[PDB]
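Chains as they are written, first to last, in the entry's author numbering: chain 3, 254 to 327, 367 to 402, 418 to 453; chain 2, 254 to 327, 367 to 402, 418 to 453; chain 1, 254 to 327, 367 to 402, 418 to 453; chain Z, 254 to 327, 367 to 402, 418 to 453; chain 4, 254 to 327, 367 to 402, 418 to 453. Ideal placement from N, C-alpha and C gives every residue a C-beta, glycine not left out. Taking it in order: structure first as structure tokens, then the write-up.
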Amino acid sequence: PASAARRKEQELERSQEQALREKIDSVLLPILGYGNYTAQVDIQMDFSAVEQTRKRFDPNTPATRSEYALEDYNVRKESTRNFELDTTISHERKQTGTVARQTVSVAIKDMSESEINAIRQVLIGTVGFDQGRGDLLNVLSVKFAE
Amino acid sequence: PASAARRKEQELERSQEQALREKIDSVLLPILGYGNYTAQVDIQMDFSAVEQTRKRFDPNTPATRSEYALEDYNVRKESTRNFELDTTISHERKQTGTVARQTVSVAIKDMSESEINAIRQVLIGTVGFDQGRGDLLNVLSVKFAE
Amino acid sequence: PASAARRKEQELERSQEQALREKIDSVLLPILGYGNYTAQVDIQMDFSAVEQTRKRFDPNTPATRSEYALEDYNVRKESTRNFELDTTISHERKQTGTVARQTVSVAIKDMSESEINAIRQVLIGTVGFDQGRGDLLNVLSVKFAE
Amino acid sequence: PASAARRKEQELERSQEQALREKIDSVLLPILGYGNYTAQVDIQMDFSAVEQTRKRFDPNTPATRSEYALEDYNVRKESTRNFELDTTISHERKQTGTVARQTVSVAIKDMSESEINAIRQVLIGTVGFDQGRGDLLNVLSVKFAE
Amino acid sequence: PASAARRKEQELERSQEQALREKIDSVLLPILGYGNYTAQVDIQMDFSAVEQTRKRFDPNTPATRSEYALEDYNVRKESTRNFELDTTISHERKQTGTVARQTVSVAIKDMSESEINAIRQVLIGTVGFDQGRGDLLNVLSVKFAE
Numbered sequence: 254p255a256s257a258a259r260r261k262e263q264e265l266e267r268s269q270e271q272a273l274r275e276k277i278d279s280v281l282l283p284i285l286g287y288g289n290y291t292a293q294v295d296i297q298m299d300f301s302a303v304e305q306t307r308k309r310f311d312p313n314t315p316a317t318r319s320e321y322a323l324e325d326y327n367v368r369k370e371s372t373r374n375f376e377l378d379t380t381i382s383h384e385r386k387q388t389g390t391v392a393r394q395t396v397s398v399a400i401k402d418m419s420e421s422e423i424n425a426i427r428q429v430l431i432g433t434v435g436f437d438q439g440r441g442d443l444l445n446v447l448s449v450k451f452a453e
Numbered sequence: 254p255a256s257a258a259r260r261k262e263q264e265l266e267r268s269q270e271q272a273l274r275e276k277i278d279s280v281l282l283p284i285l286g287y288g289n290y291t292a293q294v295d296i297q298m299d300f301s302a303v304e305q306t307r308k309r310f311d312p313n314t315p316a317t318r319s320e321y322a323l324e325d326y327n367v368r369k370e371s372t373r374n375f376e377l378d379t380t381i382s383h384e385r386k387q388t389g390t391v392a393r394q395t396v397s398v399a400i401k402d418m419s420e421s422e423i424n425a426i427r428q429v430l431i432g433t434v435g436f437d438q439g440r441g442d443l444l445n446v447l448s449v450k451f452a453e
Numbered sequence: 254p255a256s257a258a259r260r261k262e263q264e265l266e267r268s269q270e271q272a273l274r275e276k277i278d279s280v281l282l283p284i285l286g287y288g289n290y291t292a293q294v295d296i297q298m299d300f301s302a303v304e305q306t307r308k309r310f311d312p313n314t315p316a317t318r319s320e321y322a323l324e325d326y327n367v368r369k370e371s372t373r374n375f376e377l378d379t380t381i382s383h384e385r386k387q388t389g390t391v392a393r394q395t396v397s398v399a400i401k402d418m419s420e421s422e423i424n425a426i427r428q429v430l431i432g433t434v435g436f437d438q439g440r441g442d443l444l445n446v447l448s449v450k451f452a453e
Numbered sequence: 254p255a256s257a258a259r260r261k262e263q264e265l266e267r268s269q270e271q272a273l274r275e276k277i278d279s280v281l282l283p284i285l286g287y288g289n290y291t292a293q294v295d296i297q298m299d300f301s302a303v304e305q306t307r308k309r310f311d312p313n314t315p316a317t318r319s320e321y322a323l324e325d326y327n367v368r369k370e371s372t373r374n375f376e377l378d379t380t381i382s383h384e385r386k387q388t389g390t391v392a393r394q395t396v397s398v399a400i401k402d418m419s420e421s422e423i424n425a426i427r428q429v430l431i432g433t434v435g436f437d438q439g440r441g442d443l444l445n446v447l448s449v450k451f452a453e
Numbered sequence: 254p255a256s257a258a259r260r261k262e263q264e265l266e267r268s269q270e271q272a273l274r275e276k277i278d279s280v281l282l283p284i285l286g287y288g289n290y291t292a293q294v295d296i297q298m299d300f301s302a303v304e305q306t307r308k309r310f311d312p313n314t315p316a317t318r319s320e321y322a323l324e325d326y327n367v368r369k370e371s372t373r374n375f376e377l378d379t380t381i382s383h384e385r386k387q388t389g390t391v392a393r394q395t396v397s398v399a400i401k402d418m419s420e421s422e423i424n425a426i427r428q429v430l431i432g433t434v435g436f437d438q439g440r441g442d443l444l445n446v447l448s449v450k451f452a453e
């Protein structure tokens with residue numbers, strides 16, 4: 254029944270996180286080294302279904318088709373005009389599974420501020436940090452344990 | 254009958270908690286160590302079904318189609373106009389199983420305030436702490452037993 | 254017949270309590286120890302069935318379609373206008389088995420006030436104590452028997 | 254025939270009492286000891302069947318559809373307006389077997420007032436004592452026999 | 254069912270990234286050397302479906318077909373004209389899978420500013436950096452590990 258329509262979304266969300274983690278590991282491994290960093294990510298998405306239909310008009314450019322006028326003097369002023377305007381019709385079907393938010397957190401074993424800024428700048432391209440969706444990207448250094 | 258439509262939600266909710274716990278363990282294990290921390294999470298969700306239909310209009314941009322006027326002087369002032377406006381139709385089907393609230397609690401075996424703040428900042432990205440849904444995230448340190 | 258529609262709810266309610274007790278035990282066991290605490294929980298739920306249908310209108314943004322006017326002077369002032377407004381239709385089906393109230397009671401074998424407050428703060432995240440549903444959470448220390 | 258529709262309720266009521274007694278025993282046994290307390294509970298419930306249908310309106314936000322006016326001076369003042377309002381329809385089916393009242397009585401073998424208050428506070432969470440349904444919870448200490 | 258309509262998009266997006274990475278590697282390998290650089294890319298795309306229908310008119314060039322006039326003097369001035377205008381009809385079906393954004397990040401093992424600018428200029432042609440889609444291209448040099 255419907256028990257399979259949600260678990261598929263659950264596995265898809267997990268697969269996205271796994272791919273993002275794999276992409277993250279490829280960049281930080283040769284620069285920081287093995288076992289000198291930890292990172293985890295998560296993605297939240299929605300599976301709604303939206304259909305849109307739009308019909309627009311242009312009132313600034315009217316075109317006349319039939320026109321009748323009467324200008325009786327002595367004072368009758370009668371006018372009857374027909375107009376035809378531009379018509380635009382649009383039909384749109386949205387996607388299902390758009391990414392809503394994305395959070396990335398990176399911890400580096402103990418670094419000055421310049422190196423942290425450089426690492427953040429490098430990771431920005433690798434991740435796709437975008438402010439429109441309210442994504443969060445944090446990178447920081449702490450002392451590990453032995 | 255309907256006895257299977259709720260137990261599926263119960264197993265799905267448990268599976269979400271298990272995955273979140275597994276993600277939590279991966280980050281805190283190498284930094285804090287084995288047996289130096291405990292953490293548990295819970296998620297509350299709803300399984301409603303909402304359908305939406307919207308029809309919008311634009312009254313600020315009217316377009317004229319037929320127009321008749323009479324300006325008899327001597367004083368008859370008659371007007372008859374027909375208008376056509378923009379039409380927009382939208383149909384939306386919402387998802388079933390959206391997350392409502394999320395609570396995370398972390399206890400660390402005995418730490419200064421800076422380390423606690425750093426750990427909270429690290430866990431924020433790993434969990435997905437969001438203030439819009441009223442999620443709760445608490446991290447603190449207590450003395451364990453022997 | 255209908256003798257099975259209520260016993261299923263009875264087993265579901267018992268299963269929820271068992272899972273909550275298991276979650277409680279996992280956190281308090283390593284911090285307090287074996288046999289130094291007791292705790293029990295209960296959950297009350299309802300199994301009603303509610304369907305909702307809503308139809309909303311926007312009276313602040315009217316759009317004119319047909320308009321006729323007469324401004325006879327000498367003083368006839370006649371007007372006839374047709375309007376079209378935004379229409380919104382919503383249909384909602386609620387869930388069956390929502391949690392109404394939740395009570396948790398914890399007794400610790402003999418503790419200062421700070422440790423009690425810390426334990427309560429830890430258990431708040433583990434349980435999901437929410438004031439909207441009027442949930443109750445009590446933690447206290449008493450002297451056991453030998 | 255109908256001889257089975259009531260005995261099922263009788264066994265369900267007995268099963269609820271048995272489960273509540275089992276939950277009570279689990280908490281008081283390690284704190285008070287074996288054979289130092291006695292307790293019994295009862296639950297009263299109803300098995301009615303109620304269906305509800307509601308139709309609500311919003312008179313404070315009317316929307317105009319058709320309007321005709323006449324303001325003849327010399367003094368005829370005629371108006372004809374049509375309105376459309378928000379419509380809400382709800383259908384609800386209640387549950388069968390809601391708990392009406394609940395009484396708990398606890399006797400402890402001979418205790419100061421503080422210990423009695425602490426025991427009552429512990430049992431409140433374990434039972435679910437609620438004042439809305441007029442539930443009764445009594446705990447007291449008497450001298451047993453030998 | 255629909256579980257295959259999204260995984261295909263997931264593999265297509267991964268294939269685009271793989272091809273872009275392969276193109277990147279071909280240029281930077283002979284100039285920088287083996288193991289002296291790291292780079293990763295990502296592409297975000299949408300899979301909507303848009304159909305467009307347009308009907309345009311030219312009101313500045315009207316052509317007369319039938320004309321009747323009356324210029325009675327003594367003063368009746370009556371005119372009745374019919375017009376025919378240019379008509380244009382367009383139907384368009386958009387593509388599915390257009391690229392929305394593109395981010396590239398390059399790190400070079402430790418370089419002056421001139422060499423960095425030259426490398427960025429070289430990579431601009433190889434990637435296709437375009438400001439219309441808000442693409443991001445970052446190139447920088449950091450100290451690696453040993």
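Bridge partners for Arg368 (chain 4) per DSSP, in chain order?
Residue 368 (chain 4) sits at position 76 when you count from the first residue of the fifth sequence. DSSP lists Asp325 (chain 4) as partners of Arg368 (chain 4).
Report back the beta-carbon spacing between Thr395 (chain 4) and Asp437 (chain 4) to the nearest angstrom; my notes put them in contact at under 8 Å.
Taking the first residue of the fifth sequence as 1, we reach residue 395 (chain 4) at position 103. Taking the first residue of the fifth sequence as 1, we reach residue 437 (chain 4) at position 130. Contact doesn't hold; Cβ gap of about 12 Å is too wide.
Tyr290 (chain 2), buried or exposed, once every other Cβ within 10 Å from all chains shown has been counted against 16:
The residue you call residue 290 (chain 2) lines up with position 37 of the second sequence. Buried, because 16 or more other Cβ atoms sit within 10 Å of the Cβ of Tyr290 (chain 2).
Pairing CB atoms from the stretch 293-311 of chain 3 with CB atoms from the stretch 264-279 of chain 4, are three or more of them under 8 Å?
no
On the criterion of 16 or more Cβ atoms from any shown chain inside 10 Å, does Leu323 (chain 4) qualify as buried, or is it exposed?
Start at 1 with the first residue of the fifth sequence, and residue 323 (chain 4) comes out as number 70. Flag for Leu323 (chain 4) reads exposed.
Along the chain, where does the beta strand (DSSP E) containing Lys276 (chain 1) start, and where does it finish?
By one-based count along the third sequence, residue 276 (chain 1) stands at place 23. Here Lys276 (chain 1) belongs to no beta strand (DSSP E); instead the alpha helix (DSSP H) covers 257-285.
Helix, strand or coil for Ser421 (chain 2) per DSSP?
Here residue 421 (chain 2) refers to the residue found at position 114 of the second sequence. If DSSP states are grouped into helix, strand and coil, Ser421 (chain 2) belongs with the helices.
The stretch 292-301 of chain 2 in contact with the stretch 382-396 of chain 1 per 3-pair CB rule at 8 Å
yes
Going by other Cβ atoms of all chains shown within 10 Å of its Cβ, with 16 needed for buried, is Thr433 (chain Z) buried or exposed?
On the fourth sequence, position 126 is the one that residue 433 (chain Z) refers to. So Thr433 (chain Z) ends up on the buried side.
For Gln438 (chain 1), the first and last residue of its enclosing beta strand (DSSP E):
Stepping through the third sequence from its first residue, residue 438 (chain 1) is reached at position 131. Segment: none, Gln438 (chain 1) is in no beta strand (DSSP E) and carries neither H nor E.
Are at least three pairs of beta-carbons, each pair with one atom in the stretch 277-295 of chain 2 and one in the stretch 373-385 of chain 2, less than 8 Å apart?
no
With a threshold of 7 Å on Cβ separation, who are the neighbours of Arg309 (chain 1) within its own chain once the five nearest residues in sequence on each side are excluded?
Translated into the one-based positions of the third sequence, residue 309 (chain 1) becomes position 56. Counting only Cβ-Cβ distances below 7 Å, and skipping sequence neighbours, we find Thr380.
Where does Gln428 (chain 4) sit, in a helix, a strand or coil, going by DSSP?
Numbered from its first residue, the fifth sequence carries residue 428 (chain 4) at position 121. Note: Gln428 (chain 4) maps to helix in three-state DSSP.
Starting from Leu443 (chain 4), trace the beta strand (DSSP E) in both directions and tell me its first and last residue.
As a first step, residue 443 (chain 4) must be located in the fifth sequence, where it is residue number 136. Taken as a continuous stretch (DSSP letters only), the beta strand (DSSP E) holding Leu443 (chain 4) covers 443-449.
Partners in chain 4 for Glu320 (chain 3), counting only beta-carbon separations shorter than 7 Å:
Within the first sequence, the letter at position 67 stands for residue 320 (chain 3). Under the 7 Å cutoff, chain 4 gives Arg373.
Rounded to a whole number of angstroms, what is the C-alpha to C-alpha distance between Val429 (chain 4) and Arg260 (chain 3)?
For this step, residue 429 (chain 4) is matched to residue 122 along the fifth sequence. For this step, residue 260 (chain 3) is matched to residue 7 along the first sequence. Whole-angstrom Cα-Cα distance: 45 Å.
Applying a beta-carbon distance threshold of less than 9 Å, which residues of chain Z neighbour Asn445 (chain 1)?
As a position in the third sequence, residue 445 (chain 1) is number 138, starting the count at 1. Within chain Z, the residues near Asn445 (chain 1) are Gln428, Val429, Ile431, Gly432.
Identify the contact partners of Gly286 (chain 2) in chain 3, using a Cβ-Cβ distance below 8 Å as the criterion.
Working through the second sequence from its first residue, we reach residue 286 (chain 2) at position 33. Going along chain 3 in sequence order, the residues near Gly286 (chain 2) (Cβ under 8 Å) are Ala452.
From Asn313 (chain 4) to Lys369 (chain 4), what distance separates their C-alpha atoms?
Residue numbering aside, residue 313 (chain 4) sits at position 60 when the fifth sequence is read from its first letter. Residue numbering aside, residue 369 (chain 4) sits at position 77 when the fifth sequence is read from its first letter. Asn313 (chain 4) and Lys369 (chain 4): Cα-Cα distance of roughly 25 Å.
Cβ-based neighbour list, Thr372 (chain Z), same chain, cut-off 6 Å, excluding 5 preceding and 5 following:
Within the fourth sequence, numbered from 1, the residue matching residue 372 (chain Z) stands at position 80. Within the same chain, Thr372 (chain Z) has close Cβ partners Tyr321.
Is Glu275 (chain 3) close to chain 4, meaning its C-beta is less than 8 Å from at least one C-beta of that chain?
Reading the first sequence from its first residue, position 22 is the one you call residue 275 (chain 3). No - not a single Cβ of chain 4 is within 8 Å of the one on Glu275 (chain 3).
If you count every other CB in all the chains shown that lies within 10 Å of the CB of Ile400 (chain 3), and 16 or more means buried, which is it?
Here residue 400 (chain 3) is taken as the residue at index 108 of the first sequence, counted from 1. It counts as buried.
Identify whether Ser301 (chain 1) lies in helix, strand or coil by the three-state DSSP scheme.
Mapped onto the third sequence, residue 301 (chain 1) falls at position 48. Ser301 (chain 1): coil per DSSP, three-state reduction.
For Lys401 (chain 2), the residue or residues it bridges with in DSSP
Here residue 401 (chain 2) is taken as the residue at index 109 of the second sequence, counted from 1. Per DSSP, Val449 (chain 2).
Since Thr388 (chain 3) sits in a beta bridge, which residues does DSSP pair it with?
Position 96 of the first sequence holds residue 388 (chain 3). BP columns for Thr388 (chain 3) are empty, so no partner.
If the cut-off is 9 Å on Cβ atoms, which residues from the stretch 287-298 of chain Z count as contacting chain 1, listed in chain order?
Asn289
Quick one: which residues of the stretch 380-399 of chain Z get their C-beta closer than 9 Å to a C-beta of chain 1? List them in chain order.
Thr380, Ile381, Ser382, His383, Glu384, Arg385, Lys386, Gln387, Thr388, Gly389, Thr390, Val391
Below 7 Å on C-beta distance, what does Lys261 (chain 3) contact in chain 2?
Here residue 261 (chain 3) refers to the residue found at position 8 when the first sequence is read from its first residue. By Cβ distance, chain 2 contributes nothing, its closest Cβ being about 12 Å from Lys261 (chain 3), past 7 Å.
Identify the contact partners of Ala272 (chain 4) in chain 3, using a Cβ-Cβ distance below 7 Å as the criterion.
Your numbering for residue 272 (chain 4) matches position 19 in the fifth sequence. Within chain 3, no residue comes near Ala272 (chain 4); the closest Cβ sits about 15 Å away, beyond 7 Å.
To the nearest angstrom, how far is the alpha carbon of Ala392 (chain 3) from that of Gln271 (chain 2)?
Residue numbering aside, residue 392 (chain 3) sits at position 100 when the first sequence is read from its first letter. Residue numbering aside, residue 271 (chain 2) sits at position 18 when the second sequence is read from its first letter. So the two alpha carbons sit approximately 23 Å from each other.
Within a Cβ cutoff of 6 Å, which residues of the same chain sit near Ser382 (chain 1), ignoring the five residues on either side of it in sequence?
On the third sequence, residue 382 (chain 1) is found 90 positions in, with the first residue counted as 1. Closer than 6 Å at the Cβ level, and outside the excluded window around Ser382 (chain 1), lie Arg307.
Inter-residue Cα distance where the pair is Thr317 (chain Z) and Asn374 (chain 2):
Here the question's residue 317 (chain Z) lines up with position 64 in the fourth sequence. Here the question's residue 374 (chain 2) lines up with position 82 in the second sequence. Each residue's Cα considered, the two are about 19 Å apart.
Rounded to whole angstroms, what is the Cα-Cα separation between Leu447 (chain Z) and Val446 (chain 1)?
Taking the first residue of the fourth sequence as 1, we reach residue 447 (chain Z) at position 140. Taking the first residue of the third sequence as 1, we reach residue 446 (chain 1) at position 139. Those two C-alpha atoms are separated by around 21 Å.
Straight-line Cα distance separating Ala452 (chain 1) from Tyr287 (chain Z)
As a working note, residue 287 (chain Z) is residue 34 in the fourth sequence. As a working note, residue 452 (chain 1) is residue 145 in the third sequence. Straight-line Cα distance between these residues: approximately 10 Å.
Give the residues from the stretch 305-319 of chain Z that approach chain 1 closer than 7 Å (Cβ to any Cβ), ordered along the chain.
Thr314, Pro315, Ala316, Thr317, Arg318, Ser319
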